[PDB]
Amino acid sequence: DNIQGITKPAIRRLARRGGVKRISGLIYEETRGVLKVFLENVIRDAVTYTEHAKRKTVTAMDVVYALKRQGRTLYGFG
Amino acid sequence: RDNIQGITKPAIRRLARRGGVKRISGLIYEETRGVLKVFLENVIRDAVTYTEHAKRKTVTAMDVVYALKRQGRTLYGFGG
Amino acid sequence: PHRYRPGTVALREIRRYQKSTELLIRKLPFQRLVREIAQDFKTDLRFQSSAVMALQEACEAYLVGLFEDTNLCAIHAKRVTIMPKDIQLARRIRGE
Amino acid sequence: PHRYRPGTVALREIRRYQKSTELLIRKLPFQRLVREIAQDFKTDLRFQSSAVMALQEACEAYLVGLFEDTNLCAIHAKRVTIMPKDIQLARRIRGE
Amino acid sequence: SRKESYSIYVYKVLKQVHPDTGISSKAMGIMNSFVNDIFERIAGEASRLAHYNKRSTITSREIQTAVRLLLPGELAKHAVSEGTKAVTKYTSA
Amino acid sequence: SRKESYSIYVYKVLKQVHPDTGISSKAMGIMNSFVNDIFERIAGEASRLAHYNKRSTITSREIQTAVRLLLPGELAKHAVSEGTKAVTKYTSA
Amino acid sequence: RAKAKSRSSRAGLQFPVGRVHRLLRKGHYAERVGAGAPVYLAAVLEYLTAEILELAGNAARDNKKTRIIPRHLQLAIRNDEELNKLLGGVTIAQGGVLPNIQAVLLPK
DNA sequence: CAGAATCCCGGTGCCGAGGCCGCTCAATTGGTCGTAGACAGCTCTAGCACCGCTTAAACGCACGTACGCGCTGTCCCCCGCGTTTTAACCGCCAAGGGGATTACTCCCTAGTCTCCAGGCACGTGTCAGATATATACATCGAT
DNA sequence: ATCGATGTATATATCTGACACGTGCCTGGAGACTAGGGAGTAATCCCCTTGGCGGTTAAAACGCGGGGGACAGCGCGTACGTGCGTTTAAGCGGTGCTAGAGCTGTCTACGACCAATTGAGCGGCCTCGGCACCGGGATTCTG
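Residues numbered from 1 in each chain as written, not as in the entry; some residues may be left out. Chains lettered and ligands numbered in written order. Part of a larger assembly, values for the part shown. Heavy atoms only, no water.

Chain G goes by Histone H2AX in the PDB entry, where it is assigned to Homo sapiens. The PDB lists this entry under the title "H2AX containing nucleosomes, Right offset stack".

Under the PDB entry, chain A has the name Histone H4 and belongs to Homo sapiens. Recorded in UniProt for chain A, the comment headed Sequence similarities runs: "Belongs to the histone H4 family." (UniProt positions renumbered as here; feature names shortened; annotations may be inferred.)

**Description of the overall build of chain G**
For chain G, the helix and strand inventory stands at five helices and three strands. Helices and strands appear in chain G in the N-to-C order α-α-β-α-β-α-α-β. At 20 Å, chain G has a C-alpha radius of gyration far larger than the 13 Å of a compact globule built from 108 residues. A buried classification covers 45% of the 108 residues belonging to chain G. (Helix = DSSP H or I, 4+ residues; strand = E, 2+ residues; numbered from the N terminus. Rg over C-alpha atoms; globule rule 2.2 N^0.38 Å. Buried < 20%, exposed > 50% of the residue type's maximum accessible area, 1.4 Å probe, protein only.)

**Some thoughts on helix α4 (residues 70–78) of chain G**
Every α-helix carries 3.6 residues per turn, so stepping three or four residues along brings you back to the same face. Among the nine residues in α4 of chain G, seven count as buried, and that is most of the element. For α4 of chain G, the secondary structure elements touched by its buried residues are α2 (25–52) of chain F together with α3 (36–61), β2 (67–68), α5 (83–86) and β3 (91–92) of chain G. (Contact = heavy atoms within 4.5 Å.)

**Side note on the interface of chain D and chain A**
Each partner contributes residues to the interface: chain D has 45 residues there, and chain A has 41 residues. Roughly 4,500 Å² of surface becomes buried between chain D and chain A when both sides are summed, with 74% attributable to carbon and sulfur atoms. Here chain D and chain A share two salt bridges between them. Measuring nitrogen to oxygen at the nearest pair gives 3.0 Å for the salt bridge that ties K42 of chain D to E51 of chain A. Where chain D touches chain A, the interface holds 10 residue pairs in polar contact. Only α1 (8–17), α2 (27–38), β1 (46–47), α3 (49–75), β2 (81–82) and α4 (84–94) of chain D provide two or more residues apiece to the side of chain D that touches chain A. (Buried area = accessible area lost by both parts, 1.4 Å probe. Salt bridge = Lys/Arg side-chain N within 4 Å of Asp/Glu carboxyl O. Polar contact = N/O pair within 3.5 Å; in protein donor to acceptor, adjacent residues only side chain to side chain.)

**What about the pattern of salt bridges?**
Where charged atoms of side chains with opposite charge meet at close range, the side chains can pair. All names here are of chain C. All chains considered together, the criterion is met by 26 salt bridges over all chains. Across the pair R94 and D69 runs a salt bridge whose closest N-O atoms are separated by 2.9 Å. Highlighted residues: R94 in helix α4 (residues 84–94) and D69 in helix α3 (residues 49–76), separated in sequence by 25 residues. In this structure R94 comes out as partly exposed when scored by relative accessible area, which is 38%.

**Looking at the protein's contact with DNA strand H**
For DNA strand H, the set of nearby residues contains 52 residues, the closest of which are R26 of chain C, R5 and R35 of chain D, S56 of chain E together with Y9 of chain F. Close to the protein, within 4 Å, the atoms of DNA strand H are drawn from sugar and phosphate at a rate of 95%. At 2.6 Å from a phosphate oxygen of DNA strand H is found a side-chain nitrogen or oxygen belonging to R35 of chain D. The dominant element in the surface near DNA strand H, judged by the number of residues it contributes, is helix α1 (residues 8–19) of chain C, at three residues. When its residues are assigned to classes, the surface near DNA strand H shows 15 nonpolar, 14 polar and 23 charged. (Near = heavy atom within 4 Å. Nonpolar A, V, L, I, M, F, W, Y, C, P; charged D, E, K, R; others polar.)

**Focus on the protein's contact with DNA strand I**
As a structural note, the neighbourhood of DNA strand I is formed by 60 residues, with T57 of chain A, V80 of chain C, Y9 of chain E, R55 of chain F together with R22 of chain G the closest of them. When the atoms of DNA strand I within 4 Å of the protein are sorted by group, sugar and phosphate make up 96%. Contact distances for DNA strand I include 2.9 Å between a phosphate oxygen and a side-chain N or O atom of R12 of chain A. The contact in question runs from a phosphate oxygen of DNA strand I to an N or O atom on the side chain of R7 of chain G, over 2.9 Å. Elements that contribute at least two residues to the surface near DNA strand I include exactly β1 (22–23) of chain A, α1 (9–18) of chain B, β1 (46–47) of chain C, α1 and α2 of chain D, α1 (7–17) of chain E together with α1 (7–11) and α2 (17–26) of chain G. Here the surface near DNA strand I takes four residues from α1 of chain D, the largest share from any one element. Partitioning the surface near DNA strand I into residue classes produces 13 nonpolar, 17 polar and 30 charged.

**Topic: the packing of aromatic side chains**
For the coordinates displayed, the defined rule picks out seven aromatic pairs over all chains. When the ring of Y49 of chain A is compared with that of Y65 of chain A, the centres are 6.2 Å apart and the planes differ by 55 degrees; the resulting orientation is tilted. One end of the pair, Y49 of chain A, is in helix α2 (residues 27–52); the other, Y65 of chain A, is in helix α3 (residues 60–69), with 16 residues separating them in the sequence. Its relative accessible area of 9% is what places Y49 of chain A among the buried residues. Seen in terms of ring centroids, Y50 of chain B and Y66 of chain B are 6.1 Å apart; in terms of plane orientation they differ by 65 degrees. Their pairing is edge-to-face. (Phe/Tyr/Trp six-rings, centres within 6.5 Å; stacked < 30°, edge-to-face > 60°.)

**Observations regarding a nonpolar patch on the surface**
Taken together, the side chains of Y76 of chain B together with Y6, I8, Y9, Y11, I23, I30, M31, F34, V35 and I38 of chain E present a nonpolar region at the surface, about 910 Å² in accessible area. Mapped by element, the contributors of at least two residues to the nonpolar patch are α1 and α2 (25–52) of chain E. By residue number, the principal contributor to the nonpolar patch is α2 of chain E, which donates five residues. Here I30 of chain E lies in helix α2. Judged by relative accessible area, which is 39%, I30 of chain E ranks as partly exposed. (Patch = residues over 30% accessible without salt bridge, like charges linked within 9 Å, V, L, I, M, F, W, Y side chains within 5 Å. Areas by Shrake-Rupley, 256 points an atom, 1.4 Å probe, with all protein chains shown as cover.)

**A few points about the interface of chain G and chain F**
Every contact between the two is made by 46 residues of chain G and, on the other side, 52 residues of chain F. Between chain G and chain F the total buried area reaches about 4,900 Å² when both faces are included, carbon and sulfur atoms providing 75% of it. The interface formed by chain G and chain F contains two salt bridges. Inspection of the region where chain G meets chain F yields 10 residue pairs in polar contact. Counting only elements with at least two residues in the side of chain G that touches chain F, the list comes to α1, α2, β1 (32–33), α3, β2, α4 and α5 of chain G. Here the side of chain G that touches chain F takes 17 residues from α3 of chain G, the largest share from any one element.

Okay, structure coming up:
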């Protein structure tokens, strides 16, 4: 159970970058669930591309393609 | 021209009724007309662009299907 | 005389139009509007009888979807009547 | 004594973190979380050092965008405190 | 000119699922559009998957992967079994 | 072995717009991926237009129509102007 | 065998017309590719690159810097109404957000 | 709880789906051989693990003031119903611009073969940058 | 009626190591010649496109009696913020191992391209039965 590794201070800092002035005490568990759901959909795709190539090492390109298919093209990692 | 007035108030009411809206404030109509005009303009510009590439003078249903297809909405039943 | 209380007819209409399927905008006014807007880009264009129907169907679907979204935004503020700020918010969040 | 009024440090934090560009989540706890989720699909997986960073950047950009949207739908309700229903509403209107 | 369509095949399947039921022309037009839509999505993804590996030929493995990527879990779960059975029978013939 | 990127051409252009400024490797990586993105969009749209008209070749007419579709109204006017200038100079060379 | 000279020089362009031509033929977009497609596409790409670099270079001087970094590119893109429309969905690493606070949040 | 709005059934009645023959041109069987896809054998990089000291950051606790919320007043403006006005609406009639085709025919391209110079690595050095110091003064607060 | 303490900013001092010019070299790009079929062009047929007039109520319009939904206001209680204190394991520097990704070479199974045939499918016409429009009734549900 490593979901507890996303500590409360990090959540506050992220809300601060977004301009949030005051945060209710229940936002943390919802944010944890949202992050877990977002990660699962990307990881499943990355693993799918990795397996098709018969490689055992996950590569940056696999994540780049996985994000592009959902429309979240990421610039910077080649 | 005045043709924008052709989308009468009752048509807007029936459309809002289909969406389940129970009570509608009297100012929603002008906003809806403005919102509709920009969509039509956007679709027609692409349609006319496709028509012009083909050197045709009549605009066909296929050009409208492709315009909607590019904007990200697909229409079933007219062809394609 | 018999008179229905406010909203009873609205619900009856909602049920009627949700169960029905015909188009709700008048064909001729829309046809004239389509020919009017096209006039700014190119003159003497011609339109097929089905293209006007395709445009009308697309517009009715788009507007119905926007009104469905706007109703959630209206209930969220504890109101029932939808208002322009609700439309503006829906469009902003959708990224229009 | 001397003491700042509630919220002024928050505003100073907003001005600070909107100016900086570093990553805000701890690298090692996030790496362990990525390691834990991938294990359900395949065993003995390896991750390049840059892959976890790419995932972290994408997750932080997603949370930032979701919080930006949640703030708008929070002010709209005449509140300032964001709450779970604001996230659920934003996600519903966004269609997710 | 002659126009091709999938209408006869859709009708044969309908007759197998419900012999007594019939279909209107509008439904035939919708099905005829839906088939081409899904065809283009799958062929497109199979093409992208081919270039990333420098392969010059598309094979059943590319189709299986594209299907698993595009369709949701249970639909993919059944469709992969259908395709596997079909390919097995075809190769055995 | 030998890799391929546009960092050289980005540098040549940079020395023409601002001959006194330099660019970090982090900015260069973003500029290199941005070009590959726009290249793929234009070639994709041009191929679709060519297929609908049932033509075997891609010509400047296809590029122009795609450019008018993908790029906003203001960028298109300038881009098309200099594209036609370039083609005119090449054909007249 | 006359002395060869590059096509990019004849058109007056910096981008490689030969490489773009090769990439079109190897992409299978169509079975035949005309002579004018690559010159036009190269000219368009050069224009868009020059506009981005010009705006980033102007943004750099406002910070007394002499070297371009990702933060300046992000500030250049999110500040232009045309570039922002073409790049509304692209995410740039290390870019951060633009400074913005709703007036309702500022002190009374 | 009287009574207006609704569903439902039996009847008359009509053109859409279902069946058919003509016949062609898309698909199949059989044939060939060029290069791509398959493997093992091997190089050497970097992902994984542990050692250790230090501490930036975290967990935790106190308390106080600021926000979210419930009830309230009361009013002004969308609703539900009535009578008058209009252009949509079906339908019948003209007639011709444009769309789809055959046929000709030419010039723009893909292919082979040559060869060189553009740009892709390994080598580096110096000066653009960040870290470490003190201090000015603005704001938010207390007096 | 007003004064100043913390923090951000800024300025001067210092060394680090990324950006830029160089040489060597290798294989992508441009020069020269050719064959063919995609494309450009004119002529034709004829349909479905634009335009008009008849006439009847569907649909829209303007009024209006009025009540229910909207906001602006007061009272308040406990949820969240700022700050102090303790300690945790996040951070980093270094040595080592080898899993496993990427390149060289051989090789033969698979597919695209040709010759020839013919029935699955496309087209126009016939026809008969399921839906459609009507009318009369009991029922539901509401103010």
